[PDB]
């Protein structure tokens, strides 16, 4: 599953970072699909603003998914992003397909956004500790996006009016 590269990151670093990148890739792809799931099916008084907001989140996730995947490839590995892989390697709770109210989707999204945000933020440190600054930076950009999206979601529920 590896290919040769002149990239001189140590071999053990490449192995551990490819694993870490793929773990994050599965999480973020799953979250991308969850985001559209919610976007299509939400109903209630805040429909249009939340509907539109979720498209923005998906667009951001798409960029980070690409950057994460391509990083695994750059350092000699394979990127694993098919449905069969994602369903197995993502730890996100299956997103309910029988919820509709904006509030139910917000609380469901907060759980999952929170899980992915916390994963990616930790992965910054794991990459830094492994000696892979570029990978750490990639997770840092992704984490900034995820922590902002998590805030946009939580801000809707942190007060009731």
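Residue numbers count along the first chain shown, from 1.
Trainee: Mean CA B-factor: is it higher for 32-40 or for 93-101?
Mentor: Comparing 32-40 with 93-101, the higher mean C-alpha B-factor belongs to 93-101.
Trainee: Which wins on mean Cα temperature factor, 116-124 or 45-53?
Mentor: According to the PDB entry, the answer is 45-53.
Trainee: Highest recorded C-alpha temperature factor, please, choosing from 138, 9, 20, 150.
Mentor: Out of 138, 9, 20, 150, the record gives the largest C-alpha B-factor to 9.
Trainee: Among the modelled residues of this chain, does the Cα B factor of residue 62 put it in the lowest, middle or highest third?
Mentor: Middle third, going by the recorded CA B-factors of the chain.
Trainee: Please place residue 85 in the lowest, middle or highest third of its chain by C-alpha B factor as given in the entry.
Mentor: Its C-alpha B-factor, which the entry lists for residue 85, ranks in the middle third among residues of this chain.
Trainee: Looking at the temperature factor on the CA atom of residue 109, which third of the chain's modelled residues does it land in?
Mentor: Middle third.
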